[PDB]
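let's see this in three dimensions:
(chains A, B, C, D, E and F, ligands or ions: 7)
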Amino acid sequence: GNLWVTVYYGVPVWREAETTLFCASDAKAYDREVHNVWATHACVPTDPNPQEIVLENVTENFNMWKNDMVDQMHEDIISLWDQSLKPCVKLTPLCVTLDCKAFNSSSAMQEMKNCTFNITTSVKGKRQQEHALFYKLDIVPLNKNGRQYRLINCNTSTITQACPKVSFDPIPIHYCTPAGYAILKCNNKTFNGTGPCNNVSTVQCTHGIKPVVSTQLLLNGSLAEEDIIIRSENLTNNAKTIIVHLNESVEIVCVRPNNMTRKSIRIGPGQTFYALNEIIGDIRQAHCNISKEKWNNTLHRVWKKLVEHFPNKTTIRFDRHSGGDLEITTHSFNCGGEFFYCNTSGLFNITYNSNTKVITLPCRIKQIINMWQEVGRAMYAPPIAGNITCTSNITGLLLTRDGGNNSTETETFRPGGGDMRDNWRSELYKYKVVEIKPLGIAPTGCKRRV
Amino acid sequence: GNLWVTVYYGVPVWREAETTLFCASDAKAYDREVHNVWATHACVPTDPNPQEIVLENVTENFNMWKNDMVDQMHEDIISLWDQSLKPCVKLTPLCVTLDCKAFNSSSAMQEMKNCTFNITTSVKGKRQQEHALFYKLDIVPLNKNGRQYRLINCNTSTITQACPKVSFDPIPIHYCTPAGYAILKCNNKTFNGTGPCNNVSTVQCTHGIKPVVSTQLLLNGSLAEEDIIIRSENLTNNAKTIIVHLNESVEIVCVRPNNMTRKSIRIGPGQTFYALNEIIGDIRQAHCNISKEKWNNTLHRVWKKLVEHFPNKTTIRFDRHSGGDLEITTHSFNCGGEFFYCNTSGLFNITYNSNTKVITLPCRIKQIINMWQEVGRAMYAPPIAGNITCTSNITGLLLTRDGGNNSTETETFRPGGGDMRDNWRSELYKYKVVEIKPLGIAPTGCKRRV
Amino acid sequence: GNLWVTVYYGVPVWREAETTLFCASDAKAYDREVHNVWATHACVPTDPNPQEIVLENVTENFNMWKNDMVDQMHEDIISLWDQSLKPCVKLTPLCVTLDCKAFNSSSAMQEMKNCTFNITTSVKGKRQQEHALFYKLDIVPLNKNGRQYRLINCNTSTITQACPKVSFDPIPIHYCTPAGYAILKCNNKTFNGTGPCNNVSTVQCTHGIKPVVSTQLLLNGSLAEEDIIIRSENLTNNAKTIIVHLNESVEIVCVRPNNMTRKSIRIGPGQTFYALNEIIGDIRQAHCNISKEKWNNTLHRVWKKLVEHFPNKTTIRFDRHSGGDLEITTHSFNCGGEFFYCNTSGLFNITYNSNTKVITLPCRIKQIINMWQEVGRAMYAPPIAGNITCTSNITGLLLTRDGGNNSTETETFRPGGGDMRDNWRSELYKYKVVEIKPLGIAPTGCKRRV
Amino acid sequence: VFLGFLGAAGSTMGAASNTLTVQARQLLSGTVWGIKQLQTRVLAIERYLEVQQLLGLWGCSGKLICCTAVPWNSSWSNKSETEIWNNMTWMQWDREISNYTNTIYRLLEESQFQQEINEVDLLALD
Amino acid sequence: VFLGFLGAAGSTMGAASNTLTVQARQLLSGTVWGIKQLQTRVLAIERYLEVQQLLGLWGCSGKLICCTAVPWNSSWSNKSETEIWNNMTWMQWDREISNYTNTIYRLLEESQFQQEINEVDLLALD
Amino acid sequence: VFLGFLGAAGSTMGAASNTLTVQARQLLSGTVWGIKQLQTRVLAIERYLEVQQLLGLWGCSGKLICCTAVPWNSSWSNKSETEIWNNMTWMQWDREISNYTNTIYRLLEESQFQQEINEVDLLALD
Ligand SMILES: *[C@@H]1O[C@H](CO)[C@@H](O[C@@H]2O[C@H](CO)[C@@H](O[C@@H]3O[C@H](CO[C@H]4O[C@H](CO)[C@@H](O)[C@H](O)[C@@H]4O)[C@@H](O)[C@H](O[C@H]4O[C@H](CO)[C@@H](O)[C@H](O)[C@@H]4O[C@H]4O[C@H](CO)[C@@H](O)[C@H](O)[C@@H]4O)[C@@H]3O)[C@H](O)[C@H]2NC(C)=O)[C@H](O)[C@H]1NC(C)=O
Ligand SMILES: *[C@@H]1O[C@H](CO)[C@@H](O[C@@H]2O[C@H](CO)[C@@H](O[C@@H]3O[C@H](CO[C@H]4O[C@H](CO)[C@@H](O)[C@H](O)[C@@H]4O)[C@@H](O)[C@H](O[C@H]4O[C@H](CO)[C@@H](O)[C@H](O)[C@@H]4O[C@H]4O[C@H](CO)[C@@H](O)[C@H](O)[C@@H]4O)[C@@H]3O)[C@H](O)[C@H]2NC(C)=O)[C@H](O)[C@H]1NC(C)=O
Ligand SMILES: *[C@@H]1O[C@H](CO)[C@@H](O[C@@H]2O[C@H](CO)[C@@H](O[C@@H]3O[C@H](CO[C@H]4O[C@H](CO)[C@@H](O)[C@H](O)[C@@H]4O)[C@@H](O)[C@H](O[C@H]4O[C@H](CO)[C@@H](O)[C@H](O)[C@@H]4O[C@H]4O[C@H](CO)[C@@H](O)[C@H](O)[C@@H]4O)[C@@H]3O)[C@H](O)[C@H]2NC(C)=O)[C@H](O)[C@H]1NC(C)=O
Ligand SMILES: *[C@@H]1O[C@H](CO)[C@@H](O[C@@H]2O[C@H](CO)[C@@H](O)[C@H](O)[C@H]2NC(C)=O)[C@H](O)[C@H]1NC(C)=O
Ligand SMILES: *[C@@H]1O[C@H](CO)[C@@H](O[C@@H]2O[C@H](CO)[C@@H](O)[C@H](O)[C@H]2NC(C)=O)[C@H](O)[C@H]1NC(C)=O
Ligand SMILES: *[C@@H]1O[C@H](CO)[C@@H](O[C@@H]2O[C@H](CO)[C@@H](O)[C@H](O)[C@H]2NC(C)=O)[C@H](O)[C@H]1NC(C)=O
Ligand SMILES: *[C@@H]1O[C@H](CO)[C@@H](O)[C@H](O)[C@H]1NC(C)=O
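Numbers count the residues shown, from 1 in each chain, chains lettered A, B, ... in the order given. Ligands and ions are numbered 1, 2, ... in the order given. Dropping the coordinates below:
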């Protein structure tokens, strides 16, 4: 009849908590190829045959918006960029007045500039005039007559050139908990990012995640299994970003077609700077190519999905970005070490009523980079000789709704971004971190002796 | 009848030991204001409602002279100064010959110098002549005609300028033991620093201690509760310093009255140096103010206390410091980021037989600082625009006795210092560190089974 | 009759494993003398009266060729060199064209060069011509007329000068395991380096090992107790090095006889470079001295030992090194901070059939050092005033066999090296690292209760 | 059949009382980056040490589950044994008794100390 | 009434035998600066581990206080039980038996090993 | 006579069953360099913690050696007791039973859990 307290150790019970985790790269990343930005010696080899355990009859409330290990991901990727940035060459002497002239490009007007400037020689008391090729975006005029120019970051900070051996290829990264912690994965294929998840599993490490840096589009990410997924912290709040997850990728082919040449210039003792020499052949603008019918079907699918979460008899307009800096207004991404800034007006140039051609868009190239919207920390991109082609997969979209006055029966969406944390949020939506509390209490008819 | 060994775990028994501790700052120090020299991200938030436990019927022998966590305090404050010193600007190019002229100061003679010198411009191959205002103490003549001058530390080391956002305001710091250690506090209000203490308590963390850097005087410290306290490792040994603890503070108001102007000069890429421009208005010497009657009553009290520890029919003379460097001979302290060196001859200008006026003293300003008596590590103080007023509390004194030949019935005392460790010793006198030895043995009539 | 599993904790059983260890220096190394390259504050004081425990009736298979804590020794000594290298002065401005003239050396021809060059003064915009003394090896000609010269590493890297307080004296280093690990020592005096060892002991720390950097010879090492020991991973494989261990040392006296002078030159702010001034007295080549009869008896002993591991009716030729860089072809070592490169043709100039004079050899001095065969990391050696004498002990030899075509009844050996790991292998041959596995299982007639 | 990590979390607690060992073995299993791995390993080990000490202070060290002499209070839960051990999961049970974890814990330390000092007093006269 | 950390240090040892738990819970409670916090936490945890192993080697693991079979030697102390347990503090008692801590300890390990191997031999024939 | 660290390794296991304590006390005994000393101390302490937990999970925590209720299988070894305990060293014995360490271990956890839950069920009706 009487009952007694019984202490239980190892109970399968968890609680919500915030903690730090550790990285793990694949073993094949250690077979040479250490000359990569995300190549980390601290990332342990990935555990072979990882264990994913399905927790039947378990319901958990996921929420990826106030989720942890997203700010931690941002801090880790920033620290990795900075640690790769430290051992390379800082371009202090390159803040020198440049005589820049337009490129005739005879057998991209004003985009190419031939700039001559004085560089310090092997003797610190001597200077030599030398030329280089530069873009219009990464240079600014000193005056109004368009003769004297200076670097954009000259009165801001000092650029650090990327070391040429280091490669900007994203690599998969597994996030693993320490002892006493666990990662829960939502196996529900129609999960919208927040709320209960009927099918739950547990893993020691997440799947390999490539840290792809992009805006207005998501590249080389995961894909939804069943249907297009709309994720928002508050759909009626237009100030919050909207993440669109596709069930099928869209092939994107971005090509820099010109033939470059790399010139190594001795700036100081042990300091070599790589400049752009004369272009072999014709000069043409870089571009990206998208199948017209695939993109049209994609837009119709996402329009039909967006009809559900809004009034049905509401027309939907797609428009380009309103304005701002070039980093947000255009699709900025990495392609073979060269950073592309591609105009995206064509893909958002259609409105839908309530009832083998290829779209080709222009792209520009910048060499002075301020990534994660940082001020005072800038990167110089060395050129790559020859031509560059990158074929990738469109697997996600980032959209922003504008504030409509009352109910005008119209809602417009423009491509947004700016927060790279959202770039990790579309891949970490299904994962959450829990803390084990193995101690437990239960009443039982068992009584201890004396 | 027979007895047996019994093992006891968790016994309240401690032993004297030396160990390292950790810092803890208040939570309100984390509400912005990270731009402070002692602002430390490693200092954990202070434990709310700290537990002080009175150990009744416990007598312990405190001794603050060979006490630990005093050299540790000195090492911690030195490391904090150096860590704040690293990310700022080093003034390598400022070691350049200066043409310095006297200041007329028409509608402090030779104290102000207008110095013109060549500074490197935005181009490393160009120089521009520019002027600045400097003191007489922080500059030295190159020759005997008084025309060419150089910085004092030019042939010693390279100065590092304090970053202007960083503030020299002292903040309270709590010292906390790790697990297995404890801090014992002597609650006896008449404790002289060494010997037994009848009233003992234990705390996890000490009270908040502001690391005030001063000599010949103690500022913003704790106060005795009952009477003036004289602390000395050996009173008959004149070579040991004497610490005087007052039961009531003395208000001190130190003012730099002149109106300054700060000029930002671009030295190199990303390097800005802040110089003193022309003085708005009249030029007047800085000064500190002390109430005459309060200081007289203070000196009479400390004389009456010093009568006890010496022969009664012995006259006592107060004299200024004999000589040495300016850091020890004058009261050097911090006031609004500007470092003051105040003559203290007036306060020690009285002898006592065995039987609304305000004392005002001069002060000078130095910008080249060698603190903790270090050689090869120097600090440049940026000026602060406008006027500066600091009101503080005199809560302690540092005195040194001179060697009298036999018994001349006279003992003279002069203000001393030099060892900043003593500055932490007047606030850490009541605290000691002990190590727990929880294992214990006792004979009891209890016997274990087989 | 029945038996049961019984669990045993603390069983004396070990297994082969690879792990990291820690360093321990003697306490007398902490009595000042911190100005040493291998002086390490992390090396704990050596445990007084270390315990060596003889494990009777124990046979273990030692193998020093694929042994661990040898690559770890190399990494530790490289990291110690680099850590001593960091806080000193880097010679960036010394890459300047030098006008070098031959030394008449009136009352070593072309070995001494008087080089005049422009050095930056206290003002960065001023240069002054100054002279120095340099060797022929550490300078290279810019052109074919032999007038303009440059430093050897000028187009490779930037040298870092050794700080003059730091001393290159080797000190003993004890290697100690953490908890759960052990070091086994082979007490067999005739152990050849691999295979079973009948007499085994265990120690917490190894004996003190001086990290002597040398090639073709081993200096100040341990000595065999009984006979000359030949150690090889594969004797028939000529591509593997051969280590010869003597039972008696050979006295070697290496002297730089010239009288030097050190000149301190202010290069930059806080930067002082030490150059060689005029030589006081006559100029003579450095040399090392070896007793002729002792070396002859040594060579006869090692020839008789080498007869055993080869066909008996095979003549043995000793020859000098075939060729390569000066670091391997000559005996390179440290002597009073000056690095000697001594020709070793005389000691390997004898062939042996199957049936008070002193050998004196020349030596050269290099100041630009690339040690551990590293490229891009170079060291400048400051001169030492006066003369230098080092007396050391020859305790080991490094030999390499050449590939003879079929059986020509002759085998030739030349002095080799290059791998400093072998220098630690001749002192770590008797030590191995094992991991304790204290859990054990045994069948016993004891049964637990219910 | 073998059940993995947390596999009986959705199970009833009576069936989940057979798979404590997997959580037991999982509870310790394993410059700046080195600092973070080091600190988080230290965090895991001292969490395990605190849990093991809390088990030891109740006279239940070294045992997977352990009975005590604290009588069960109906104010914490008036539920029957059968519904707890054949229908009730561990998650919502922890949610239910989260209000009284501290009271049950303090009763546990107090009962252990009282019984053990009673044993000491009993053997004192022996 | 609750007594805090070290509150029974000045008390007699008989009254101080009721407040071991507070010291028990206090014994583990919690770039360059990170290195020092890390090392001192490591120091605390391995000190606790060494203390717990020394308790385990005497057959007294997991218990607050524990009796053994070593007979008490009058050479260590000829004091009566009543004066020890009603007038004598822990501090000066540790000062008194500081000479014989090591001898009492070694007798403890030796008695534990002998009794436990006697138990093994007794159950061997069972 | 005192025997040092690993002094009974070459001895027969019957004589070596008297010197477990020396290995027991040895098992925990003790910027970039600081990182390596710190990590290797952490490695030693968590190795000891894992060993102690593996001892605790077999119902043998706090004891130097401990008996269980797993019957010995002749498939592991058909050797007699006398040759094992008067001629057989620990090294080659570990070499022999290295094939069945895991099977013996899992039988140990399973027997401990089954006996202990049988005790729980037996005291449940009490
Ligand atoms: C989404 O995912 C897609 C699919 O992976 C990806 O497209 C591919 O990107 C990779 C990585 O940028 C591209 O591969 C590069 O291609 C060229 C040359 O390789 C070509 O030729 C070889 C030989 O046939 C083929 O195997 C290869 O597939 C290509 O056709 C080079 O730029 C790159 O090689 C360098 O990097 C490698 C790193 O693994 C090294 O192994 C290699 O040795 C090269 O390094 C050398 O050069 C570097 C530059 O100077 C220097 O840093 C190094 O030190 C060293 O000197 C690389 O192989 C591939 O072509 C793309 N595929 C297509 C169809 O376009 C998308 O980029 C990705 N999207 C996003 C946004 O991340
Ligand atoms: C013993 O203790 C006494 C009592 O506290 C102390 O006297 C006081 O010292 C403090 C600290 O130096 C003085 O406060 C400073 O005062 C001025 C301006 O503040 C006045 O005005 C405001 C507005 O009414 C009042 O709240 C305030 O009390 C003053 O009247 C400034 O120099 C300082 O402000 C800067 O520092 C603050 C740090 O907390 C920041 O919050 C603030 O934003 C300012 O920072 C800005 O300027 C800095 C300088 O350029 C720069 O580094 C920052 O990045 C930022 O741009 C500060 O508030 C106070 O006036 C003193 N009181 C009296 C009566 O004189 C003694 O100094 C102390 N003695 C010793 C030896 O330590
Ligand atoms: C194998 O082992 C042998 C035997 O030990 C060894 O030979 C000896 O080497 C040592 C170390 O190089 C030599 O000692 C040096 O000698 C001179 C002057 O010392 C002489 O005079 C004193 C006084 O009578 C005697 O005690 C001494 O034995 C010598 O006769 C100096 O070069 C060295 O002194 C400096 O270093 C010491 C470090 O311990 C300091 O204590 C000392 O103050 C000196 O430092 C000062 O000068 C340094 C140079 O500028 C500077 O760096 C410091 O900051 C400071 O200003 C040292 O005592 C000894 O003479 C050798 N013995 C013989 C017979 O030749 C072999 O070298 C060794 N072989 C190898 C390959 O390692
Ligand atoms: C960019 O400008 C530079 C001038 O700095 C041009 O380089 C010159 O080319 C001519 C024609 O071959 C040579 O005679 C000169 O000696 C070159 N000068 C230098 C400094 O190299 C360069 O050709 C221009 N680029 C293009 C595409 O016209
Ligand atoms: C300190 O000296 C400088 C000279 O370097 C004075 O600055 C000059 O002031 C006059 C009068 O207004 C101007 O014409 C010059 O152009 C100034 N020169 C520079 C370089 O700025 C400065 O006035 C002097 N300070 C005082 C208080 O007289
Ligand atoms: C090496 O060359 C320098 C020249 O740079 C010689 O130094 C000169 O010596 C003469 C004779 O005493 C002096 O008049 C000059 O003033 C010296 N010049 C400098 C720059 O110091 C030096 O003597 C030469 N060394 C030898 C051994 O002859
Ligand atoms: C200094 O003078 C300036 C003149 O612009 C004035 O604005 C400022 O208030 C003055 N400051 C003081 C502290 O008198």
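
strands of chain D, residue ranges please.
Applying DSSP state E to chain D gives strands spanning D:65-71.

flag every residue of it that's near chain C.
Within chain D, no position lies close to chain C (C-beta under 8 Å from any C-beta of the partner chain). C-beta: built from backbone N, CA, C; applies to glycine.

most remote residue from chain D's center?
residue D:31 (36.7 Å; C-alpha atoms, centre = their mean).

for chain D, which residue gets nearest to chain E?
The nearest approach of chain D to chain E comes at residue D:61, 3.1 Å away (C-beta to the nearest C-beta).

can you name the residue of the stretch 101-250 of chain A nearest ligand 3?
residue A:124 (31.4 Å; C-beta to the nearest ligand atom).

helix, strand or coil for that residue?
Following DSSP: H, G, I helix; E, B strand; the rest coil, the label given to residue A:124 is coil.

what about the residue lying closest to it once chain neighbours are set aside, neighbour count?
Distance criterion C-beta to C-beta, 6 or more residues apart in numbering or on different chains; nearest residue to residue A:124, sequence neighbours excluded, is residue C:93 at 7.2 Å. Other residues within reach of residue C:93, judged by other C-beta atoms under 10 Å in any protein chain shown, total 19.

hmm, residue C:93 is touching residue C:268, no?
Yes - assessed by C-beta atoms under 8 Å, residue C:93 is found in contact with residue C:268 at 7.1 Å.

was I right to think the residue farthest from the centre of chain D contacts residue F:31?
Yes - the criterion here is C-beta under 8 Å, and residue D:31 meets it with residue F:31 at 7.1 Å.

what sits against the residue in chain D that chain F sits nearest to?
For chain D and chain F, the shortest gap (C-beta to the nearest C-beta) falls at residue D:62, measuring 3.2 Å. Residues in contact with residue D:62 (C-beta atoms under 8 Å, 6 or more residues apart in numbering or on different chains) are E:61, E:62, F:56, F:59, F:61, F:62.

mind checking the longest helix of chain A?
When chain A is scanned for its longest helix (criterion: DSSP state H), the result is helix A:292-308.

can you list the buried residues in that helix?
Neighbour counts over helix A:292-308 (16 or more other C-beta atoms under 10 Å in any protein chain shown) mark A:294, A:295, A:298, A:299, A:301, A:302, A:303, A:306 as buried.

nearest residue to the residue nearest in space to the middle of chain D in space, please, no chain neighbours.
Geometric centre of chain D, nearest residue: residue D:55, 6.9 Å, by C-alpha atoms, centre = their mean. Leaving aside its sequence neighbours, residue D:55 sits nearest to residue D:61 (C-beta to C-beta, 6+ apart; 5.4 Å).

and the residue in chain D that ligand 3 sits nearest to, what does it touch?
Closest residue of chain D to ligand 3, C-beta to the nearest ligand atom: residue D:31 (30.3 Å). Counting by C-beta under 8 Å, 6+ apart, residue D:31 touches E:31, F:31, F:32, F:35.

same question for residue D:117.
Going by C-beta under 8 Å, 6+ apart, residue D:117 touches E:17, E:18.

could you measure from it over to residue C:407?
From residue D:117 across to residue C:407, the span is 88 Å (C-beta to C-beta, to the nearest Å).

helices of chain A, residue ranges please.
Using DSSP H, the helices assigned to chain A run over residues A:71-85, A:292-308, A:326-329, A:421-425.

so the residue nearest to the centre of chain D makes contact with residue A:10?
No - with contact defined as C-beta under 8 Å, residue D:55 does not reach residue A:10; the gap is 10.8 Å.

re earlier: quick check: of the buried residues of helix A:292-308, which lies closest to residue C:322?
residue A:294 (68.1 Å; C-beta to C-beta).

for chain A, which strand is longest?
Per DSSP E, chain A has its longest strand at strand A:242-260.

so which residue of the stretch 51-200 of chain A comes closest to chain E?
residue A:79 (12.9 Å).

OK, contacts around that residue?
Residues near residue A:79 by C-beta under 8 Å, 6+ apart: residue D:32.

just give me the neighbour total for residue 123.
I went with chain A, as the question did not name one. Residue A:123: 12 surrounding residues under other C-beta under 10 Å.

looking at chain D here, not the other one
Using other C-beta under 10 Å: residue D:123 sits among 17 other residues.

cool, thanks, signing off.
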